[PDB]
Number of protein chains: 2
Amino acid sequence: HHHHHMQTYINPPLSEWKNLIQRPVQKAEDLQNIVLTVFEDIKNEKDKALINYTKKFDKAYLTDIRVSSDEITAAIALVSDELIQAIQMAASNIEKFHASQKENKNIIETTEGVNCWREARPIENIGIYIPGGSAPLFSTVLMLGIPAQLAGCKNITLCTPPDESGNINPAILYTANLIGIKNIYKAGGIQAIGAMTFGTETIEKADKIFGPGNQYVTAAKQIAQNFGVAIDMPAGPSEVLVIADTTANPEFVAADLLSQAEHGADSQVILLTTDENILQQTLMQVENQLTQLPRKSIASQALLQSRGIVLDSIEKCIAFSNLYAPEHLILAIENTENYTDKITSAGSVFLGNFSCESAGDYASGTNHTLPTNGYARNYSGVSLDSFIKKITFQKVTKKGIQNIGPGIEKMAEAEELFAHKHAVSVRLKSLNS
Amino acid sequence: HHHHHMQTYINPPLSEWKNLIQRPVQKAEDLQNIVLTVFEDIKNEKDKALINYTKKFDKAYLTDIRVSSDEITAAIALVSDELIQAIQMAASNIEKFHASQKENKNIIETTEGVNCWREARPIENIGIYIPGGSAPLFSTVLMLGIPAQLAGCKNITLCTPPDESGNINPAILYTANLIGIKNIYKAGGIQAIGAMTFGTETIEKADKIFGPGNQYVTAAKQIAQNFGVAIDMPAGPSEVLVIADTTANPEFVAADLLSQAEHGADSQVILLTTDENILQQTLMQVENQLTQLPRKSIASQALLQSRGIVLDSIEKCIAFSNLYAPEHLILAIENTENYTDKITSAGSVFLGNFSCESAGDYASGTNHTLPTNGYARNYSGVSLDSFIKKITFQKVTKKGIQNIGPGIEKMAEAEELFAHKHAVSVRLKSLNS
Ligand SMILES: N[C@@H](Cc1c[nH]c[nH+]1)C(=O)O
Ligand SMILES: N[C@@H](Cc1c[nH]c[nH+]1)C(=O)O
Ligand SMILES: [Zn+2]
Ligand SMILES: [Zn+2]
């Protein structure tokens, strides 16, 4: 009479893996006309459109779009001392890890007299979108704001929608103010993305927009690309894949699965085990722990689309994981150092029984803004790299151009580009003269 | 009675810069329905669609889509010994510079018992598009194929359209075969992009597609993103901005401008000088050199949209350049080391009188696949980074989770994510027990 929440597959053949790696289907609504209409309103009516759309969708009639300093001060006083300490602990770890990603200038002499190198420069105008609601995901403010600051980005904008009384959750404002974000705007949805894409009287336009959101925000960011703005990565629901052998702790594994499942009804979790007893013990823990979750309804909906799979070796589990390309990968196995080289697609990886995903979500220092829905095949998580341009430099000397010059002339000839050839020829004749 | 090709502006006010940074307008045709129709045909008819569209647009009725080994061998014998030597010289320099971009693993202890790091992994399936025509831009094969190989990308596909006899230019095939690309397909245009986006019987689908093309290829790459593939960067016509003081060589500067102008009628060049005499001498050189260009008609059309501007200091020229954000920047000035830190947006930078753009186009080692039309504000040129994912790793010890655990619990509580809190709690209670 037991109500099993997650479906299981015991040693499925390789011919079924194509089906077992599938995420749940997503909504197929065409939002292009909806987005383009909002964008046209933002282009034509600017701040008035922002206020009008906020009235319509957030049920708040604002006078000012920008969060005031009194509102920031009021928010600071509403954050407890213990939370302040935790946020500062997280910010320090995130700052330390992202600061380590800065590269040293490295001048390469490719051939005699030819020196080449790269240098980073910040993307000047950064836009950050933060969804609203009663539960503030203020940790995303740290994840996106801190590397923007470290990169040297001069203008950081944060948009987040008000509640019906016009207010922003105090933890969001506290956290943004902590890391030095001063341009905070009461705006959500398509209209917020449009404001950062085209600019209004109050919001200067962004060069690149960061941060996930719902289906409407996702479509708006996708379409905004066609008007010249860059975006961080494509969006989708969050997910975890866990690999567990006999050394895994079933209580820990169940808690990790449920931590991902409680994010949303569209989340997906995958458990790969090397024997059935680990699977059975972990599922028993899932059932028992699920009863205690305030969000048990949401996690239960995500578990319907989730899968537990028994595969007869860790190397087979890794091969399945590499085909799935998970946003988060937990290796709950012995001697992970023997296996990490074999991982080829995963957004972020957690090693051994004490590396829980919650730690990466909040405080370890890695970035939790990660590619989902298989985008780990072709994107990275947000990092310092996301906030800079790498400019290439070269300095060719007189000996340098005498060295590579004749070869360039022959290639330009073959491409039938006479002016390209002549730009070399005039240098060579000048030194020969 | 002189026919001046380029328009000049002498000390324009700062209020006019907004207008002087504008590229020429681009075509505003809506190609979405056109692209989606081809994509539907590729999805439904696969190789048959590839052959049918090739018949229609390339006027070649193919039997085989894949270039054969006999065709590769025939192409090798049609490339001269002197060109072979030049291509190998270029490949060596490109390989050396891109190999230097590999990062070392760097384990960061963010706090006691918490170790975080990143590792690169190749994007597994790479697609490269190379336009056809009588003038083979085979240098792009080196620029995209070499870093793909260095990254460890296992499956590299190259699509390039046949001529009416079904043939591919021998320099393209020679160069692709040289750097180890074995999967070469006779296909162009929207249908080639669609084949790499969805896959056919002959062409395995790509995870990321590289390489610029015409308006149709550009729209296809943009729309292909919505079906899950990554692309290198947005497209547009090529451009150069030159900054010249009294130490510049007007013959060299004119040749550099004309080298960019001969690329296409939609190209744009910008010359900034610190005095009018440099401008006048350079324009005289442009007029005289233009008469000798086989492509003088194309360069003349690009010069119509080009601008020469006198500004009264190098720092003003740099500020103009930073607003323009050029694909290529040439600093034809004294003591460039005093100015490169002030450059904030540019795709690739060339220093001093002997650093011509042709050298970067062909042989210096930097990548010539660069962001144009102002995309240097928010994208980089192609590099080793373009072909990899940077996966984050963390290993938290028992002491580590005891260290950051309580803080995570408080933040999870504030985000009302009880399962996130519980995933930490079970570890702490286990060690406390
Ligand atoms: N070393 C570079 C930083 C960089 C990042 N990527 C390439 N270069 C600098 O001086 O800014
Ligand atoms: N050091 C990494 C390479 C890397 C690039 N970016 C981050 N890490 C490795 O072992 O592959
Ligand atoms: Zn989470
Ligand atoms: Zn060129």
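Laboratory data are not the source of any read-out in this text; all were calculated from the coordinates shown. Positions of Cβ are backbone-derived with ideal geometry, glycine not excepted, and every protein chain shown enters the neighbour counts.
Hey, in the GNM for chain A with a 10 angstrom Cα cutoff, which one of A:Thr344, A:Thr140, A:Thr397 fluctuates hardest?
A:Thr397
Could you check which residue among B:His98, B:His422, B:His263 shows the biggest mean-square fluctuation in a GNM of chain B with a 10 Å Cα cutoff?
Highest fluctuation among the options: B:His422.
Counting only other chains, and only Cβ atoms inside 10 Å, what mean value do you get across the residues of A:340-353?
Across the residues of A:340-353, the mean count of other-chain Cβ atoms within 10 Å is 5.
Can you tell me how much longer the chain between A:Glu413 and A:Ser92 gets when fully stretched, taken as 0.36 nm per residue apart minus their C-alpha distance, in nm with one decimal?
Residue separation times 0.36 nm, minus the Cα-Cα distance, leaves 109.9 nm.
Among the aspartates and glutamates, select those whose C-alpha is under 12 Å from the C-alpha of B:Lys296, and discard any that sit fewer than 8 residues away in the same chain.
Excluding near neighbours in sequence, the set is B:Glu262, B:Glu287.
How much of the DSSP bridge set in chain A is antiparallel, in percent, rounded to the nearest 5?
Given both bridge residues lie in chain A, the antiparallel proportion sits at roughly 25 percent.
How far is the Cα center of the range B:209-237 from the Cα center of the range B:342-374, in Å?
22
Could you please report the charge total around B:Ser92, scoring K, R as +1 and D, E as -1 over all other residues with beta-carbon less than 14 angstrom from its beta-carbon?
Taking every Cβ under 14 Å from that of B:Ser92, the sum is -2.
What spacing in nm lies between the two simple spin-label points modelled at B:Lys390 and A:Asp312, each 7 Å away from Cα in the Cβ direction?
Output for this residue pair reads 4.1 nm.
For A:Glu109, place a label point 7 Å from Cα along the Cα-to-Cβ direction in every copy; what are the distances to the other copies, in nm, shortest first?
Spelled out, the distances from A:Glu109's label point are 3.9 nm.
Per DSSP H run of at least 4 residues, take -39500 (n - 2.57); add these up for chain A, divide by its residues and hand me the 222 nm value, nearest 500 deg cm²/dmol.
Here the helix-only value at 222 nm equals -13000 deg cm²/dmol.
Give the order of B:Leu351, A:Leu142, A:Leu62 when sorted by the count of other beta carbons within 10 angstrom, beginning with the fewest.
Arranged by neighbour count, lowest to highest, B:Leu351, A:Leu142, A:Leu62 become A:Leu62, B:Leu351, A:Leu142.
Between copies, how far apart are the A:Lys390 label points? List them in nm, one decimal, shortest first, with each point 7 Å from Cα toward Cβ, please?
0.8
What is the extension gain from A:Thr63 to A:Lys48, computed as 0.36 nm multiplied by their sequence separation minus the C-alpha to C-alpha distance, in nm to one decimal?
Going from the current span to full extension adds 4.4 nm.
Of all DSSP beta bridges in the protein assembly as shown, what percent run antiparallel (nearest 5)?
Numbers: 26 of 108 bridges.
So the antiparallel bridges in the protein assembly as shown amount to around 25 percent.
Measuring label to label, 7 Å along Cα→Cβ, what does A:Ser68 give against each other copy in nm, shortest first?
Ordered by increasing distance: 8.0 nm.
What ranking of B:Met196, A:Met89, A:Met411 emerges when the number of other C-beta atoms within 10 Å of each C-beta is taken as an exposure proxy, fewest first? Walk me through the intermediate numbers first.
On the way: B:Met196 32, A:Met89 20, A:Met411 24.
Ascending number of Cβ neighbours within 10 Å: A:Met89, A:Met411, B:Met196.
Which one, A:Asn183, A:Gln149, A:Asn169, is farthest towards the positive end of the dipole of the range A:133-210 when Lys and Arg carry +1 and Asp and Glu -1 on their Cβ?
Positive-end residue among those listed: A:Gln149.
Filter the GluC sites (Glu not before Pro) in the range B:27-98 to those in DSSP coil with at most 12 other Cβ atoms within 10 Å of their Cβ, and list the result.
Those satisfying the criteria are B:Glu29.
Pull up all non-local amide H partners of B:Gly127: gap of 5 or more, or a different chain, and H-to-H distance under 5 Å with H placed in the peptide plane.
B:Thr157, B:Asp207, B:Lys208, B:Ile209, B:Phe210
What number comes out for the charge environment of B:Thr140, summing +1 per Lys or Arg and -1 per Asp or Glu over other residues with Cβ under 12 Å away?
Once positives and negatives cancel, what remains is -3.
Cut-off under 20 Å on the C-alpha distance; same-chain residues fewer than 8 positions from A:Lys398 excluded. Which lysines are left, in chain and number order?
Within the straight-line cut-off, A:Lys398 pairs with A:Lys410, A:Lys421, A:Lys429.
Only counting other Cβ atoms within 10 Å, I'd like B:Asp70, B:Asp41, B:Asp256 sorted with the fewest neighbours first.
B:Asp70, B:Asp41, B:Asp256
To the nearest 20 debye, what is the magnitude of the charge dipole of the range B:295-433 about its Cα centre, counting +1 on the Cβ of each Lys and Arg and -1 on the Cβ of each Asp and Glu?
On the way: 15 positive and 13 negative charges, 163 e Å.
Here the range B:295-433 has a charge dipole of around 780 debye.
For B:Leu150, what is the net charge nearby, where nearby means another residue's Cβ is under 12 Å from its Cβ and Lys, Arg count +1, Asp, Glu -1? Could you put the intermediate results ahead of the total?
Working: positive: B:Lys96, B:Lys102; negative: B:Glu95, B:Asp385.
Here the charged neighbours net out to 0.
At A:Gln280 and B:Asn288, where each label point lies 7 Å from the Cα along Cα→Cβ, what is the point-to-point distance in nanometres?
Placing both labels 7 Å beyond Cα along the Cβ direction yields 9.2 nm.
Quick one: Debye curve from the alpha-carbon atoms of the range B:1-121 only, equal weights, vacuum; give me log10 I(q)/I(0) at q = 0.13 Å⁻¹ to two decimals.
-1.07
With each label point set 7 Å from Cα along the Cα-Cβ vector, what nm distance links A:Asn11 and A:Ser165?
Using points 7 Å along Cα→Cβ, the separation is 6.1 nm.
Within a 10 angstrom radius of each residue's Cβ in A:82-90, how many Cβ atoms of other chains show up on average? Whole number is fine.
Working: counts 5, 5, 1, 3, 10, 4, 1, 8, 5.
Per residue, the average neighbour count from other chains is 5.
Quote the charge dipole size of chain B about the Cα centre in Debye, to the nearest 20; the model charges only the Cβ of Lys and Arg (+1) and of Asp and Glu (-1).
That gives chain B a dipole magnitude of about 1720 debye.
Mind checking the dipole of the protein assembly as shown: about its Cα centre, +1 per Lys or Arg Cβ, -1 per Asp or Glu Cβ, Debye to the nearest 20?
Charge dipole of the protein assembly as shown: 20 debye, to the nearest 20.
Which one, B:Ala261, B:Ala99, B:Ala412, has the greatest fluctuation when you compute a Gaussian network model over chain B with C-alpha springs under 10 angstrom?
Answer for the Gaussian network model of chain B: B:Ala412.
Which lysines have a Cα lying under 25 Å from the Cα of B:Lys55, excluding residues fewer than 8 positions away in the same chain?
Cα-Cα hits under 25 Å: B:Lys43, B:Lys46, B:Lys182, B:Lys186, B:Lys205, B:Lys221.
Report, for the range B:36-172, the % of DSSP beta bridges that are antiparallel, rounded to 5.
Given both bridge residues lie in the range B:36-172, the antiparallel proportion sits at roughly 40 percent.
Residue by residue, what Karplus-based ³J(HN,Hα) values in Hz, rounded to whole numbers, does the range B:241-248 have, using 6.51, -1.76 and 1.60 with θ = phi - 60° and x for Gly and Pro?
10, 10, 10, 10, 10, 5, 8, 6
Across peptide B:381-392, what mean number of C-beta atoms from other chains lies inside 10 Å of a residue's C-beta? Please list the in-between numbers first.
Details: counts 5, 0, 3, 0, 4, 0, 0, 1, 13, 6, 13, 16.
Mean shielding count: 5.
What number in nm² do you get for chain B if you take the convex hull of its Cα atoms and divide its surface by four? Kindly include the intermediate steps, with their values, before the conclusion.
On the way: hull surface 110.9 nm².
Dividing the Cα hull surface by four gives the mean projection, 27.7 nm².
Give me the extension gain from B:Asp70 to B:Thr247: residue separation times 0.36 nm, minus the current Cα-Cα distance, reported in nm with one decimal.
58.4 nm
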